[PDB]
Every structure is written in structure tokens, then in C-alpha cells.
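What follows is a short report on a single structure.
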Amino acid sequence: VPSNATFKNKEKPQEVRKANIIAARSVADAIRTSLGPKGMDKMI
Amino acid sequence: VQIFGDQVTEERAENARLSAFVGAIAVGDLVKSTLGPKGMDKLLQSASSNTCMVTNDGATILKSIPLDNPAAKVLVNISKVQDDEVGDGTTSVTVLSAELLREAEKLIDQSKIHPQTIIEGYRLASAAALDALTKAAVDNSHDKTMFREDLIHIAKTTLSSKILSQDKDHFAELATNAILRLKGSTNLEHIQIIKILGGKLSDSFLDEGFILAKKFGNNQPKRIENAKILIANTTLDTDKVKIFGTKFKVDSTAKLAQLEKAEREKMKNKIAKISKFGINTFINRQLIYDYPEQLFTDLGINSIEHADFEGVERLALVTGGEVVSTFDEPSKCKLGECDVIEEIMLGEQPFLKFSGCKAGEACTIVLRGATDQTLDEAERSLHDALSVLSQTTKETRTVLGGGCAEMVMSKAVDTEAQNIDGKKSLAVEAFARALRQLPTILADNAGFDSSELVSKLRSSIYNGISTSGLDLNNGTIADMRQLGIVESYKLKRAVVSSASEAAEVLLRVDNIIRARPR
Amino acid sequence: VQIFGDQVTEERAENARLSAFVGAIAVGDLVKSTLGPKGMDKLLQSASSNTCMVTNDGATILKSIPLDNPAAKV
Amino acid sequence: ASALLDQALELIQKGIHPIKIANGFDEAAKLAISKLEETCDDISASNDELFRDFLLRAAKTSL
Amino acid sequence: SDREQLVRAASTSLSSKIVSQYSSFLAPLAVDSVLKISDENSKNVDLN
Amino acid sequence: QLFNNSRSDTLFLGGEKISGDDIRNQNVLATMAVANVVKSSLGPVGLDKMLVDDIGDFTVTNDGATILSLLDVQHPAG
Amino acid sequence: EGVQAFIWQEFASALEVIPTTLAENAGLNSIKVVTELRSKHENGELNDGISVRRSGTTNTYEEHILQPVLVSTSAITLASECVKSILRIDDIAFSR
Ligand SMILES: Nc1ncnc2c1ncn2[C@@H]1O[C@H](COP(=O)(O)OP(=O)(O)O)[C@@H](O)[C@H]1O
Ligand SMILES: [Mg+2]
Ligand SMILES: [Mg+2]
Ligand SMILES: [Mg+2]
């Protein structure tokens with residue numbers, strides 16, 4: 001059950017995908033406050 | 001004594017080499033994860049302009065990433081040459097050329113073999129590998145039914161690694177019909193690719209006729225039935241008089257008023273010669289002024305201006321006519337006919353659509369995607385698929401893919417390795433194990449154990465069955481004839497030839513002299 | 001979010017497993033030619049006083065040569 | 001601890017007050033301890049011969 | 001062409017826009033603009 | 001007000017982005033800073049103000065139309 | 001009965017962010033609304049939604065609140081195609 005089959009290598013892509021999701025959800029949080037009739041305008 | 005100068009980096013002997021081996025390992029590991037249908041795409045961020053690109057092609061990755069290693073550029077150039085001559089397999093060439101050095105790294109180290117002796121091992125191994133791959137090829141184009149079916153299997157194999165792999169089932173017919181309409185002429189200038197935002201990837205449809213984005217004249221109607229299409233090389237513009245090199249000498253303004261009127265009648269007489277053809281549609285290569293445009297309204301002639309150099313030949317072949325310059329003789333330059341010139345709109349930009357033309361010698365592909373990162377890859381995904389399908393028209397020899405081709409070539413290498421006396425026999429067996437690294441990575445990127453799949457595939461071919469291959473969906477050994485995996489012989493021959501020659505260059509480098517950068 | 005302070009080098013990925021194995025290769029290749037009766041001695045250049053030391057033993061060679069790689073310190 | 005914070009971040013985005021999240025973890029902590037306390041058994045009834053075996057069992061796990 | 005379905009959908013699509021309070025006369029404005037171009041083929045209705 | 005907020009944590013912006021009540025607080029201070037001028041100039045009992053271009057010339061303007069025109073305000077809401 | 005089914009459970013819960021945001025921006029409690037949303041949407045086939053004027057759950061058709069189908073259809077399609085493109089990035093390399 002252990003020690004057999006295969007072992008995962010180069011686990012950085014697992015962290016790269018996490019860094020891409022966290023950075024994308026951070027952008028979606030600022031625009032989330034503008035959703036619906038109760039949303040607010042964003043001055044840039 | 002330092003003869004070279006200040007700030008001159010040089011490595012010699014064991015320092016000179018192992019700079020080329022680490023260079024191939026660093027370059028090979030970048031495209032190692034992109035090999036196979038389960039491979040992962042790599043994102044490239046530019047140091048300036050903040051431009052990002054998502055690409056699965058091993059050639060486009062090596063061109064964007066700056067590399068100061070002289071041996072790294074060796075693997076970059078072979079990826080461009082493989083992209084120039086074929087366009088597919090650029091990732092496999094970089095990996096296979098790197099695995100030849102990884103095996104040769106232990107040959108000089110563990111077995112203590114001279115580098116030139118290893119070169120003689122690849123020469124005898126590559127000669128036997130190309131002979132076994134040629135005999136495994138199957139003749140094509142003898143039957144028009146089998147020729148069309150083989151092109152569908154090639155498009156499914158190339159697009160398997162692309163992001164199109166989900167929708168490639170519907171895209172196999174998209175890329176196949178574009179090649180059959182070329183009538184044997186191989187060019188990608190006749191195939192147009194338009195990017196559109198919105199929808200889904202599978203919404204991409206094949207264009208009947210030729211579609212090119214243009215705009216009608218101000219007073220010209222959108223839809224004309226049975227319109228005649230003509231393309232003119234000459235542009236309607238102020239020509240001076242004839243030879244240029246002149247200016248008017250006006251003694252009195254009484255003749256100056258009739259002088260400008262004479263220039264208005266010159267372009268008016270040129271349109272009168274065009275109206276002798278009875279055309280309902282006119283196409284110009286460059287911008288048309290408003291003065292000649294009004295002459296097309298009274299004559300019922302459509303106008304298309306600002307045509308690109310590629311758009312001139314794409315439109316002329318679909319309609320069947322040829323580009324007219326002098327307009328003098330009406331009998332020459334017989335013109336085709338288009339059924340529907342009515343313009344449609346895809347997205348926020350209207351696209352002029354044609355239907356029911358005489359010839360399909362040129363094609364147009366419409367692509368729809370969510371972001372430009374997908375559209376940038378969707379164009380390069382079909383560009384690699386249409387390149388192999390276009391080369392398959394002239395080159396009919398095809399072989400089985402799916403990791404089977406690399407294993408069949410390695411079978412003949414181990415057969416002739418037993419009859420080769422000397423230390424160069426170890427370099428011959430190293431070429432066979434290097435061919436097994438390509439199907440090994442196919443299992444690693446798919447999440448399956450490579451030691452189990454390669455061992456079952458290696459022992460199955462020695463039993464006399466050459467149709468066995470790797471199935472990544474079920475994670476077992478399956479037949480390539482049933483799964484429909486077919487690749488062209490020119491594709492696999494270019495991978496083995498380019499990788500074997502690239503590894504020979506870096507094994508011949510005993511010194512590296514780096515001049516001071518400018 | 002970076003929990004570590006400034007000028008803190010860490011490798012959580014393939015770069016760590018690569019640096020650990022290659023770090024032992026340079027250590028093994030240094031004392032490789034010193035194994036056997038046909039081996040050759042090594043020269044040590046001192047950073048102070050310019051005192052040269054020539055020894056075939058691998059214990060003095062590894063302790064005298066500074067090594068910042070933890071894989072080498074093992 | 002980080003697993004409790006990962007599940008709490010999802011509850012904060014839903015509009016739950018952080019104190020209401022902490023109040024739920026305190027009540028759920030005593031329910032888990034009281035449940036596992038009833039499942040375990042007392043090994044003190046064994047003699048000194050068997051008591052040494054239980055010490056060898058937990059030793060190999062921590063090693 | 002339905003004045004009940006188009007106007008109520010145009011004012012609802014405004015939502016948080018600053019014109020929501022001005023949507024009284026603006027909702028028939030966007031409806032009557034599209035109704036001037038009618039086709040049975042459901043063309044994209046160019047906004048030029 | 002108070003202490004400056006952290007700069008783009010996980011947000012990865014090249015500029016400065018502040019959220020919460022700090023924006024509406026600075027927006028009020030933008031209108032209150034420009035009001036204290038116009039305030040004392042209102043009514044018959046109001047007094048004129050003198051604006052200087054640093055080049056040696058002065059400008060006496062009672063109403064806030066030219067005052068706000070001459071004074072450079074870089075605040076977006078100001 | 002598969003690992004693909006376990007992913008679909010998170011796909012349905014991911015769409016709840018839109019009605020949750022409507023309550024957060026309006027000051028109402030999201031769970032108190034969703035608790036009423038799950039009960040009313042079980043018997044009712046459609047038109048049950050959140051109304052910002054009445055601050056609660058009521059019939060959106062009687063309130064005239066309506067949106068085209070192409071707005072919601074493209075929102076689900078474009079979101080699924082973007083997630084597929086993001087999850088395929090295994091690394092980010094500096095280029096020229
Ligand atoms: N559907 C499939 N099943 C099994 N193997 C495949 C499949 N599609 C592609 N391959 C293998 O992946 C390898 C790489 O294919 P391709 O992407 O065309 O070249 P590259 O990866 O060099 O761009 C090929 O050698 C082929 O054997
Ligand atoms: Mg390919
Ligand atoms: Mg422990
Ligand atoms: Mg809206």
C-alpha cells in the first residue's frame with residue numbers, strides 16, 4: 001500500500017496553482033462589494 | 001598569462017563539458033512537464049510591458065525565456081528548426097536531445113568512454129532506428145476514403161496535448177476539411193484564423209466559403225444577389241499625371257479651373273472601364289478616396305478597401321478570378337461568382353461572409369474563447385495541427401504514435417548492439433534507453449507508474465506484436481490501431497534526426513570561450 | 001503573505017532536492033581522486049598568513065575548505 | 001489549528017461574526033473530548049507484567 | 001415588441017447604476033431605441 | 001488617518017489601493033478642506049481672500065469659482 | 001457515485017456566492033436568507049429570489065425583477081472556461 005506505485009515529484013506546481021487561486025480570489029473580493037443594487041462604485 | 005582579457009569567462013575540459021549537460025537538463029526539465037496529452041501548460045511573463053502568454057509548445061517557450069548558456073541555445077535552435085520544417089514535436093526534440101546527453105553523461109563517467117566514441121555509437125544506432133521506422137510505415141493516399149480517415153487520427157493526436165483536447169473530437173473535422181479544400185497546394189497563407197471573445201471553445205465552426213472582416217461603402221447596400229467579385233492591384237488615388245516627376249505650369253487661372261476638372265475625369269474614365277465588366281462588387285488593396293466611391297453607388301458596385309497582402313490571394317482563389325490591373329481588355333481575367341455576399345456579425349465586430357463560391361482553395365477558421373490567453377493558444381494549436389496535415393498531403397508515409405514509435409525504433413537498436421564489439425556498444429544501448437524516456441514521461445505526466453507501463457510495453461513488442469502501445473485513459477497497454485493514434489513519418493523522422501545531431505554537437509565541445517558582452 | 005523575515009533563503013520544492021544531492025556530488029568528487037594508493041594529494045590555500053597545507057586525508061580537506069551547503073556539512 | 005482557521009475563513013466570507021465562530025468551536029471541543037473519553041478503556045486492571053507491554057506499545061509509535 | 005417585458009427588464013438590468021433613480025424615463029429610452037430595428041432572424045442588432 | 005494600510009497583500013497591484021471606511025473619511029476631508037475657504041466668504045459680512053502665484057502677483061477673489069480654479073487640488077473627490 | 005460527483009457538490013456551493021453577496025451588501029444575514037431560500041426553492045420551481053427593496057425573500061416575477069438568459073448562461077460558460085485555463089499553469093517563468 002505504501003512504498004509502491006509512484007511517488008510525486010516537483011511539487012512546486014501544486015504551490016503555483018495555489019498562488020494563482022489565492023491571487024485571483026483577492027481580485028474577486030474587491031469587485032464583490034459592487035455586486036447587486038447595493039453595490040458601490042469604484043473610483044480609479 | 002591571461003591573453004584573452006578582463007571579464008572573459010572560459011571553462012576547459014571537465015569544466016567546459018558538464019556546462020553543456022546541466023544546460024540540457026535545465027532546458028529539458030522545462031518542457032518535460034509539457035510532453036503528452038496530460039501535460040501541463042507553462043505561463044511566460046515578460047520582463048516588460050507586463051505581457052503574459054500561455055503556451056504548450058516547447059519551441060515558443062524556449063524563444064521567450066532568455067538563456068545565456070551557449071548550450072541552451074543549441075536546444076532552442078533545434079526547437080525552431082523542428083517548428084520551421086514541421087511545426088509539431090518541438091517538445092519531443094528538446095527532451096530526446098536532452099536524454100541523449102543524460103545517458104552519455106554516465107557513459108563518460110561510469111564507463112569511461114571517449115566522447116567521440118559515443119558519437120560513433122549514435123551513428124550506427126540511428127541508422128538502424130530509421131530503417132525499423134521506415135518499414136513500420138503504412139502507405140497512404142491510395143484510397144481517398146482511408147486518406148481522409150488518417151487525417152482525422154492525426155488531428156486528434158496533435159490536439160491531445162493542446163488545451164483543445166476536450167473539444168478536439170469536433171475539431172478533427174475542422175482541421176481536416178481545410179486541407180482537402182487546398183487541392184494539393186500546401187500553404188497556410190490560405191487559412192485565416194479570427195479571434196473572437198465570448199462563447200465556448202466548441203462553438204468554433206467551419207466557414208463555408210471565405211470570411212474576411214471588412215466594411216461596405218457608405219451608400220452601398222449590404223446584401224447583393226449573384227454579385228461579381230474582382231480584385232484590383234492598382235489603387236484609386238491621386239496619381240499626379242502619369243510618370244510623377246512633374247508639376248503644372250499655370251500662366252492664367254482660366255486654364256487652372258479646367259485643369260483640376262481634367263483630373264476628376266481621369267478617375268471617372270477608369271471606373272467606366274471597370275463598369276464594362278458588369279461587376280456588382282469591387283475590392284481594392286488600399287484605401288479608396290470618397291470621390292471614386294460615389295461612382296460605385298450609381299452603378300450598383302460594392303467596394304472593399306484596405307485589403308491586406310494576404311487577403312488579396314485568399315479572396316482571389318476562393319472566387320476563382322485573378323487580380324486585374326490595367327482593366328483594358330474585358331475578355332481576359334474571367335471572374336467568378338458568389339451566391340451570398342450578405343455580411344454577418346460575430347461579437348461586436350461585423351464580419352463579411354461569403355457562400356457558394358467556385359473554389360475552396362483558401363479557408364477561414366473562426367475561433368471563440370473566454371480570454372485572449374486561450375485565443376492565443378487556439379491559433380497556435382491549430383497552426384501545429386494544420387501544419388502536419390498539410391505536410392501529410394505531400395508526404396503520405398505515416399506511423400503509429402502513442403509511445404509505440406519510440407519503442408519500435410529501440411528494438412532494432414538492441415538487436416544490432418550485440419554484434420558491435422568494443423566500448424562503443426555501450427553508447428549504442430544508451431541510444432535505445434534514451435528512446436524509452438519519451439514514453440516514460442508520458443506515464444509520469446498522466447499520474448501513472450512509469451516502471452509498470454514501460455516494462456509491459458517493452459516485453460510485449462519483443463514477443464512479435466508491434467501494435468501494442470500506451471493507453472493513458474485506462475492506464476494499461478492497448479492497441480494503437482483501435483484507439484486511432486496515427487502520426488506522419490516525416491514527424492518522427494525529424495525528431496530522431498534533429499535530436500541525434502544536436503547531442504553530437506555538444507559532445508564535441510571541450511572548451512567554451514565567452515567574450516565580454518557589449 | 002511572507003512569514004519569514006528579510007534575506008531568508010528557503011527552497012520548498014525541487015530546487016531543494018536538487019541542491020542537496022548536487023551539494024554532495026562536489027564533496028564526493030573532491031575526495032574521489034584521493035582514494036587508493038595511486039591517488040593524488042590536494043592543496044589547501046589559507047585565507048590568512050598564506051600557510052599552505054598538503055594532505056591526502058579527507059578529514060582535513062573537508063574541515064579546512066569552507067562549505068555553506070548543509071548537505072556538505074553532513 | 002490551521003485547519004480550524006481554514007474552515008473559519010469560509011465562514012467569515014459568509015457573514016458570520018468571528019465570536020460566533022469561536023463560540024461554536026468551544027462547545028464542539030468539549031463534545032469531542034467527552035465522546036472519546038467514553039470509548040477508551042482502563043488498562044490499570046492489568047498486572048505489572050502486562051503493564052510493561054502497554055509501555056512498549058506507545059513507545060514504538062513516538063519513535 | 002412588448003412594453004411590459006422590455007421596460008421592466010431594462011430597469012432591472014441597471015441595478016446599482018447611478019441612473020437607477022433616473023430609470024423612470026430612461027427605461028423606455030433604451031427599449032424604443034432597439035424597437036426601431038426589428039428582424040425575425042435575431043441579428044446581433046448593431047449599436048452603431 | 002491613524003496608520004497607513006499595508007500595500008497590496010496578495011493583491012499584486014503597482015499602485016496604492018485603500019478599502020473600508022478610510023476612503024469615505026478622506027473624501028469628507030477633501031470637501032471639508034476646500035469648504036473652509038468658501039465658508040468665510042459667504043454673505044455680506046464675508047471677507048475677500050488673496051491668492052499668490054509665487055511670481056510676485058496676487059489675486060483677490062471673493063467667490064469660490066476662481067479660488068478653486070486657481071488652487072490646485074490633486075485629490076480625486078476634491 | 002464517483003470523484004467527479006464530489007466535485008459537483010462544490011460546484012453547486014460555489015454558485016451560492018451571488019445570493020450571499022446580495023445579503024452582505026444589503027446588511028441582511030446571509031444564512032438567515034439562504035435558510036429561507038432552500039425551503040422556498042424546494043416547492044417553488046422558479047421566480048423565488050432576493051429582493052433588495054423589501055429586504056427579504058419574495059417572488060421576483062411579481063416584483064418585475066428579470067434578467068435575460070444569455071446573461072446567466074454566458075456567466076457560467078465563461079467562468080468554467082477560465083478556471084480550466086488557470087488550473088493548467090504549472091509554473092511562471094520570466095521571459096523577454
Ligand atoms: N491520445 C494519446 N494517447 C497516447 N499518447 C499520445 C496521445 N496524444 C499524443 N500522444 C503522445 O505524446 C507525444 C507528444 O505529442 P505532441 O504534443 O504532438 O508533440 P510535442 O509534445 O513534442 O509537441 C507523442 O509522441 C505521442 O506519442
Ligand atoms: Mg505536439
Ligand atoms: Mg510523536
Ligand atoms: Mg447589470
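Each chain in the C-alpha cells gets a letter, A, B, ..., in the order shown, and its residues are numbered from 1; ligands are numbered from 1 in order too.
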
_Let me see if you get this right: every residue at most 7 Å from ligand 3, counting only C-alpha atoms and all ligand atoms, written as a PyMOL selection string._
chain D and resi 61-63

Output file for the residues above (C-alpha atoms, as a short mmCIF file (atom, residue, chain, number, x, y, z; two decimals), in the first residue's frame):
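Contents of the output file part_6.cif:
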data_model
loop_
_atom_site.label_atom_id
_atom_site.label_comp_id
_atom_site.auth_asym_id
_atom_site.auth_seq_id
_atom_site.Cartn_x
_atom_site.Cartn_y
_atom_site.Cartn_z
CA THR D 61 4.73 4.90 17.95
CA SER D 62 6.53 8.01 19.22
CA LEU D 63 9.88 6.69 17.94
#

Which chains and residue numbers are within 6 Å of ligand 1, counting only C-alpha atoms and all ligand atoms, if I want them as an mmCIF file with N, CA and C atoms, in the first residue's frame?
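Contents of pocket-v1.cif, freshly written:
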data_model
loop_
_atom_site.group_PDB
_atom_site.id
_atom_site.type_symbol
_atom_site.label_atom_id
_atom_site.label_comp_id
_atom_site.auth_asym_id
_atom_site.auth_seq_id
_atom_site.Cartn_x
_atom_site.Cartn_y
_atom_site.Cartn_z
ATOM 1 N N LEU B 35 5.038 17.436 -22.109
ATOM 2 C CA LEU B 35 5.004 16.318 -23.042
ATOM 3 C C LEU B 35 3.807 15.422 -22.749
ATOM 4 N N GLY B 36 2.991 15.179 -23.773
ATOM 5 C CA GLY B 36 1.866 14.283 -23.655
ATOM 6 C C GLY B 36 0.536 15.003 -23.572
ATOM 7 N N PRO B 37 -0.560 14.256 -23.733
ATOM 8 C CA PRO B 37 -1.890 14.874 -23.622
ATOM 9 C C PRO B 37 -2.230 15.327 -22.215
ATOM 10 N N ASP B 57 3.632 24.795 -26.409
ATOM 11 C CA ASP B 57 4.656 24.467 -27.391
ATOM 12 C C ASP B 57 6.043 24.651 -26.791
ATOM 13 N N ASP B 88 5.350 20.620 -35.388
ATOM 14 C CA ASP B 88 4.924 19.786 -34.277
ATOM 15 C C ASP B 88 6.095 18.928 -33.817
ATOM 16 N N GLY B 89 6.044 18.513 -32.554
ATOM 17 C CA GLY B 89 7.105 17.710 -31.989
ATOM 18 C C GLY B 89 8.298 18.488 -31.485
ATOM 19 N N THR B 90 8.191 19.814 -31.378
ATOM 20 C CA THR B 90 9.308 20.612 -30.885
ATOM 21 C C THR B 90 9.630 20.284 -29.433
ATOM 22 N N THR B 91 8.627 19.872 -28.656
ATOM 23 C CA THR B 91 8.879 19.473 -27.276
ATOM 24 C C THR B 91 9.605 18.134 -27.217
ATOM 25 N N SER B 92 9.217 17.188 -28.076
ATOM 26 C CA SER B 92 9.855 15.877 -28.073
ATOM 27 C C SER B 92 11.308 15.953 -28.526
ATOM 28 N N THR B 157 -4.375 13.406 -32.373
ATOM 29 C CA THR B 157 -3.143 13.166 -31.631
ATOM 30 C C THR B 157 -2.410 14.467 -31.329
ATOM 31 N N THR B 158 -2.352 15.380 -32.300
ATOM 32 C CA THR B 158 -1.656 16.646 -32.088
ATOM 33 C C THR B 158 -2.397 17.525 -31.087
ATOM 34 N N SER B 160 -4.224 16.577 -28.732
ATOM 35 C CA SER B 160 -4.372 15.931 -27.432
ATOM 36 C C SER B 160 -3.571 16.655 -26.357
ATOM 37 N N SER B 161 -2.382 17.149 -26.705
ATOM 38 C CA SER B 161 -1.581 17.911 -25.756
ATOM 39 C C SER B 161 -2.064 19.345 -25.600
ATOM 40 N N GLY B 401 1.676 6.267 -33.414
ATOM 41 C CA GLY B 401 2.161 7.069 -32.312
ATOM 42 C C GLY B 401 1.797 6.481 -30.966
ATOM 43 N N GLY B 402 1.623 7.358 -29.983
ATOM 44 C CA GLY B 402 1.260 6.924 -28.644
ATOM 45 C C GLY B 402 2.354 6.171 -27.921
ATOM 46 N N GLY B 403 3.606 6.594 -28.085
ATOM 47 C CA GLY B 403 4.728 5.919 -27.467
ATOM 48 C C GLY B 403 5.160 4.638 -28.143
ATOM 49 N N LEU B 470 0.724 2.549 -25.396
ATOM 50 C CA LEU B 470 0.336 3.059 -24.087
ATOM 51 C C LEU B 470 -1.040 3.703 -24.168
ATOM 52 N N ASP B 471 -1.918 3.330 -23.241
ATOM 53 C CA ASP B 471 -3.245 3.922 -23.112
ATOM 54 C C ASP B 471 -3.286 4.671 -21.785
#

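Compared by their closest atoms to chain B, and using only C-alpha atoms, the residues G:63, G:48, G:90, G:36 rank with G:90 nearest.
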
_Give me, as a list in words, all polymer residues having an atom no more than 9 Å from region 21-31 of chain D, counting only C-alpha atoms and skipping those fewer than 2 positions away in the same chain._
residues 4, 8, 11, 12, 16, 17, 18, 19, 33, 34, 35 and 36 of chain D

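Using only C-alpha atoms and all ligand atoms, we find that the residues with an atom at most 6 Å from any atom of ligand 4 are residues 13, 14 and 15 of chain E.
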
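Using only C-alpha atoms, we find that the part of chain A lying within 10 Å of chain F comprises residues 19, 20, 22, 23, 24, 25, 26, 27, 28, 29, 30, 43 and 44 of chain A.
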
Residues as selected, C-alpha atoms, written as a compact mmCIF listing (two decimals), in the first residue's frame, can you do that?
# COMPACT_ATOMS: atom_id res chain seq x y z
CA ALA A 19 -0.65 31.01 -5.54
CA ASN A 20 -2.71 31.61 -8.69
CA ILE A 22 -5.29 32.99 -3.90
CA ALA A 23 -4.19 35.91 -6.08
CA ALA A 24 -7.28 35.58 -8.28
CA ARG A 25 -9.69 35.40 -5.33
CA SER A 26 -8.10 38.53 -3.86
CA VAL A 27 -9.08 40.45 -7.01
CA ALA A 28 -12.60 39.00 -6.89
CA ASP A 29 -13.03 40.31 -3.33
CA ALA A 30 -12.71 43.98 -4.31
CA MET A 43 -13.04 55.22 -8.38
CA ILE A 44 -9.72 54.63 -10.14

_Spatial neighbours of residue 19 (chain B), max dist 12 Å, only C-alpha atoms, sep filter under 3 positions, as a list in words_ = residues 10, 11, 12, 13, 14, 15, 16, 22, 23, 24, 25, 26, 68, 69, 70, 71, 72, 101, 105, 506, 507, 509, 510, 511 and 512 of chain B

Check: which chain A residues lie within 12 Å of chain B using only C-alpha atoms, as a short mmCIF file (atom, residue, chain, number, x, y, z; two decimals) with C-alpha atoms, in the first residue's frame:
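Output below, filename part.cif:
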data_model
loop_
_atom_site.label_atom_id
_atom_site.label_comp_id
_atom_site.auth_asym_id
_atom_site.auth_seq_id
_atom_site.Cartn_x
_atom_site.Cartn_y
_atom_site.Cartn_z
CA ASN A 4 4.76 1.04 -4.13
CA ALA A 5 3.14 2.56 -7.23
CA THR A 6 4.73 6.02 -7.73
CA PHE A 7 5.88 8.99 -5.66
CA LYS A 8 5.01 12.55 -6.63
CA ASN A 9 7.91 14.79 -7.67
CA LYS A 10 8.30 18.52 -8.40
CA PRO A 13 3.23 23.33 -9.47
CA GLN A 14 0.96 22.35 -6.57
CA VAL A 16 1.92 27.57 -8.11
CA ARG A 17 -1.73 26.63 -8.61
CA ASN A 20 -2.71 31.61 -8.69
#

*Mind giving me the straight-line distance from CA of residue 35 (chain A) to CA of residue 52 (chain G) in Å, one decimal?*
12.0 Å

*Check every residue of chain G for an atom within 9 Å of chain D, counting only C-alpha atoms, and provide those that qualify as an MDAnalysis selection string.*
chainID G and resid 17 20:21 23:24 29:31

Could you list, with a cut-off of 12 Å and counting only C-alpha atoms, the residues of region 2-44 of chain A near region 16-31 of chain E, each shown with its nearest atom pair and the distance in Å rounded to one decimal, rows sorted by chain and ascending number, as a Markdown table?
| residue | atom | partner | partner_atom | distance |
| --- | --- | --- | --- | --- |
| A:33 | CA | E:16 | CA | 11.2 |
| A:34 | CA | E:16 | CA | 8.0 |
| A:35 | CA | E:16 | CA | 8.0 |
| A:36 | CA | E:16 | CA | 6.2 |
| A:37 | CA | E:16 | CA | 3.9 |
| A:38 | CA | E:16 | CA | 6.2 |
| A:39 | CA | E:16 | CA | 5.9 |
| A:40 | CA | E:16 | CA | 7.3 |
| A:41 | CA | E:17 | CA | 8.4 |
| A:42 | CA | E:17 | CA | 11.7 |

Would you export the selected residues with N, CA, C and O atoms as an mmCIF file, in the first residue's frame, please?
data_model
loop_
_atom_site.group_PDB
_atom_site.id
_atom_site.type_symbol
_atom_site.label_atom_id
_atom_site.label_comp_id
_atom_site.auth_asym_id
_atom_site.auth_seq_id
_atom_site.Cartn_x
_atom_site.Cartn_y
_atom_site.Cartn_z
ATOM 1 N N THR A 33 -17.898 43.641 -3.673
ATOM 2 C CA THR A 33 -18.687 44.663 -2.998
ATOM 3 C C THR A 33 -19.543 45.482 -3.954
ATOM 4 O O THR A 33 -20.435 46.204 -3.494
ATOM 5 N N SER A 34 -19.299 45.392 -5.259
ATOM 6 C CA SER A 34 -20.074 46.122 -6.255
ATOM 7 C C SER A 34 -21.220 45.306 -6.837
ATOM 8 O O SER A 34 -21.920 45.796 -7.729
ATOM 9 N N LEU A 35 -21.432 44.083 -6.359
ATOM 10 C CA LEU A 35 -22.469 43.220 -6.908
ATOM 11 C C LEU A 35 -23.836 43.591 -6.348
ATOM 12 O O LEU A 35 -23.981 43.881 -5.157
ATOM 13 N N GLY A 36 -24.842 43.580 -7.220
ATOM 14 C CA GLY A 36 -26.206 43.836 -6.820
ATOM 15 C C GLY A 36 -26.522 45.313 -6.717
ATOM 16 O O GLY A 36 -25.632 46.167 -6.788
ATOM 17 N N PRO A 37 -27.807 45.643 -6.550
ATOM 18 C CA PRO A 37 -28.192 47.057 -6.418
ATOM 19 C C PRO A 37 -27.543 47.758 -5.239
ATOM 20 O O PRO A 37 -27.432 48.990 -5.256
ATOM 21 N N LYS A 38 -27.111 47.017 -4.221
ATOM 22 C CA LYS A 38 -26.432 47.604 -3.074
ATOM 23 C C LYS A 38 -24.939 47.789 -3.307
ATOM 24 O O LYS A 38 -24.237 48.231 -2.390
ATOM 25 N N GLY A 39 -24.437 47.456 -4.493
ATOM 26 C CA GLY A 39 -23.036 47.661 -4.782
ATOM 27 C C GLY A 39 -22.665 49.129 -4.848
ATOM 28 O O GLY A 39 -23.505 50.016 -5.007
ATOM 29 N N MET A 40 -21.366 49.387 -4.722
ATOM 30 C CA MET A 40 -20.827 50.737 -4.732
ATOM 31 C C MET A 40 -19.882 50.911 -5.913
ATOM 32 O O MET A 40 -19.307 49.946 -6.424
ATOM 33 N N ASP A 41 -19.727 52.159 -6.342
ATOM 34 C CA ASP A 41 -18.838 52.472 -7.450
ATOM 35 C C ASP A 41 -17.383 52.413 -7.002
ATOM 36 O O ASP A 41 -17.063 52.595 -5.824
ATOM 37 N N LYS A 42 -16.498 52.152 -7.960
ATOM 38 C CA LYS A 42 -15.063 52.064 -7.715
ATOM 39 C C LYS A 42 -14.366 53.171 -8.489
ATOM 40 O O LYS A 42 -14.391 53.179 -9.725
#

*Give the strand (DSSP E or B) residues of chain F, as DSSP finds them on the backbone, and put them as a VMD selection string.*
chain F and resid 49 to 52 58 to 61

Could you dump the residues just selected with N, CA, C and O atoms as a CSV table (one decimal), in the first residue's frame?
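Saved file part_32.csv follows:
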chain,number,residue,atom,x,y,z
F,49,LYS,N,-10.3,87.1,-0.1
F,49,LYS,CA,-9.1,86.4,0.1
F,49,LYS,C,-8.1,86.7,-1.0
F,49,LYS,O,-8.5,87.0,-2.1
F,50,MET,N,-6.8,86.5,-0.7
F,50,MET,CA,-5.8,86.9,-1.6
F,50,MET,C,-5.0,85.6,-1.9
F,50,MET,O,-4.5,84.9,-1.0
F,51,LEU,N,-4.9,85.3,-3.2
F,51,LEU,CA,-4.1,84.1,-3.7
F,51,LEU,C,-2.8,84.6,-4.4
F,51,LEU,O,-2.9,85.6,-5.1
F,52,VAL,N,-1.7,83.9,-4.1
F,52,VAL,CA,-0.4,84.3,-4.6
F,52,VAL,C,0.1,83.2,-5.5
F,52,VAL,O,0.1,82.1,-5.2
F,58,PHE,N,-0.5,88.9,-6.9
F,58,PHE,CA,-1.6,88.4,-6.0
F,58,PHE,C,-2.9,88.6,-6.7
F,58,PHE,O,-3.1,89.4,-7.6
F,59,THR,N,-3.9,87.7,-6.3
F,59,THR,CA,-5.2,87.7,-6.8
F,59,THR,C,-6.2,87.8,-5.7
F,59,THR,O,-6.3,86.9,-4.8
F,60,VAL,N,-7.1,88.8,-5.7
F,60,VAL,CA,-8.1,88.9,-4.7
F,60,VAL,C,-9.4,88.4,-5.3
F,60,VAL,O,-10.0,89.1,-6.3
F,61,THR,N,-10.0,87.4,-4.8
F,61,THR,CA,-11.2,86.8,-5.3
F,61,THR,C,-12.1,86.4,-4.2
F,61,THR,O,-11.7,85.6,-3.3

*Check every residue of chain B for an atom within 8 Å of chain E, counting only C-alpha atoms, and provide those that qualify as a PyMOL selection string.*
chain B and resi 345-348

*12 Å contact set for residue 22 (chain C), only C-alpha atoms, chain neighbours under 4 positions out, as JSON, numbers by chain*: {"B": [22], "C": [15, 16, 17, 18, 26, 27, 28, 29, 69, 70, 71, 72]}

Can I get the selection written as a PDB file, in the first residue's frame, with C-alpha atoms?
ATOM      1  CA  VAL B  22      23.470  20.898 -16.997  1.00  0.00           C
TER       2      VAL B  22
ATOM      3  CA  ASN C  15      15.386  23.107  -6.062  1.00  0.00           C
ATOM      4  CA  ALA C  16      15.905  21.782  -2.523  1.00  0.00           C
ATOM      5  CA  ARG C  17      16.183  18.113  -3.507  1.00  0.00           C
ATOM      6  CA  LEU C  18      18.458  19.110  -6.396  1.00  0.00           C
ATOM      7  CA  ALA C  26      31.035  18.265  -5.376  1.00  0.00           C
ATOM      8  CA  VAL C  27      32.105  16.887  -1.989  1.00  0.00           C
ATOM      9  CA  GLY C  28      32.386  13.336  -3.309  1.00  0.00           C
ATOM     10  CA  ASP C  29      34.211  14.405  -6.470  1.00  0.00           C
ATOM     11  CA  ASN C  69      25.777  23.898   1.988  1.00  0.00           C
ATOM     12  CA  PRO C  70      24.103  21.886   4.788  1.00  0.00           C
ATOM     13  CA  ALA C  71      24.255  18.823   2.531  1.00  0.00           C
ATOM     14  CA  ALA C  72      28.037  19.271   2.518  1.00  0.00           C
TER      15      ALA C  72
END

_Just want the 8 Å neighbourhood of region 33-38 of chain C, counted on only C-alpha atoms, with same-chain residues fewer than 3 positions away dropped. Output as a ChimeraX atom specification._
/C:29-30,41-42,56-58

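Nearest residue to chain B among F:57, F:37, F:14, F:65 is F:14, counting only C-alpha atoms.
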
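Distance check against ligand 2 using only C-alpha atoms and all ligand atoms: of B:191, B:335, B:172, B:385, the minimum falls on B:385.
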
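Here CA of residue 324 (chain B) and CA of residue 230 (chain B) stand 7.4 Å from one another.
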